[PDB]
Amino acid sequence: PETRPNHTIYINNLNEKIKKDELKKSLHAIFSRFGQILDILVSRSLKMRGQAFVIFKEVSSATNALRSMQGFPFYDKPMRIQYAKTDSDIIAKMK
RNA sequence: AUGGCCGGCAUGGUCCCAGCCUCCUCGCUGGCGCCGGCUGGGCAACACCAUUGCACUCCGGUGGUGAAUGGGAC
């Protein structure tokens with residue numbers, strides 16, 4: 001259990017009734033102030049719906065975002081944030 | 001008539017205006033009498049069910065047409 005600090009924050013318990021394009025945009029709307037964002041990956045498949053991967057360029061940003069937005073009401077539901085289990089390719093491709 | 005198709009019945013005709021209808025050419029050269037049955041596509045939108053799930057491969061399922069009216073000129 002518990003994951004180590006990552007460039008990517010995993011968010012779940014997201015309102016599934018929201019279309020993908022929008023959700024990505026809305027997330028960017030509230031997480032950009034924590035640092036540059038490389039990408040946000042949203043999938044509405046059975047397995048990946050209700051979750052999202054916010055990929056920050058600097059771990060500190062992900063750390064800040066994780067500590068502040070935890071519990072935040074988004075689309076009438078409280079976000080549940082953690083660090084992603086493994087680096088995201090966009091990250092591998094660099095560091 | 002409809003995503004494509006057949007049958008029973010009913011029913012004077014053509015146009016104009018508005019209102020309403022719908023998953024499958026959204027609107028003025030689409031449709032808006034009654035009844036029965038045959039079959040295809042798709043989750044794209046809408047809805048419902050199920051799902052709290054760690055990805056970098058798009059990808060659970062089911063439902064709707066089993067729909068919607070009047071006025072006016074000839």
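As a convention, Cβ positions derive from the backbone with ideal geometry for all residues, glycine included, and neighbour counts pool all protein chains shown. Read-outs: derived from the displayed coordinates by stated rules, not from any lab.
Please work out which residue is surrounded by the most Cβ atoms within 10 Å (Cβ to Cβ), limiting yourself to segment A:12-32 and to residues that are more than 9 Å from RNA strand B (Cβ to nearest atom) and closer than 14 Å to A:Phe72 by Cβ.
If we take residues in segment A:12-32 being more than 9 Å from RNA strand B (Cβ to nearest atom) and closer than 14 Å to A:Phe72 by Cβ, then A:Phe31 is surrounded by the most Cβ atoms within 10 Å (Cβ to Cβ).
Would you be able to say whether some residue in segment A:19-27 is more than 25 Å from A:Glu2 (Cα to Cα), basic (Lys, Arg), free of Cβ contacts under 8 Å to residues at least 12 places away in the same chain and assigned to a helix (DSSP H, G or I)?
Checked segment A:19-27: at least one residue is more than 25 Å from A:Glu2 (Cα to Cα), basic (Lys, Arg), free of Cβ contacts under 8 Å to residues at least 12 places away in the same chain and assigned to a helix (DSSP H, G or I).
Any residue at all in segment A:3-10 that is under 21 Å from A:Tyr75 (Cα atoms) and either in contact with a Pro (Cβ under 8 Å, 6 or more places away or on another chain) or part of a strand (DSSP E or B) (or both)?
yes
Just name the residue that is farthest from RNA strand B (Cβ to nearest atom) out of those in segment A:33-57 that are touching a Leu at 6+ places or on another chain (Cβ under 7 Å) and either more than 14 Å from A:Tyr10 (Cα to Cα) or part of a loop (DSSP other than H, G, I, E, B) (or both).
Among residues in segment A:33-57 that are touching a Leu at 6+ places or on another chain (Cβ under 7 Å) and either more than 14 Å from A:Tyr10 (Cα to Cα) or part of a loop (DSSP other than H, G, I, E, B) (or both), the one farthest from RNA strand B (Cβ to nearest atom) is A:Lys57.
Just to be sure I understand, how many residues within segment A:58-78 are basic (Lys, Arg) and in a strand (DSSP E or B)?
Qualifying residue count for the region: 1.
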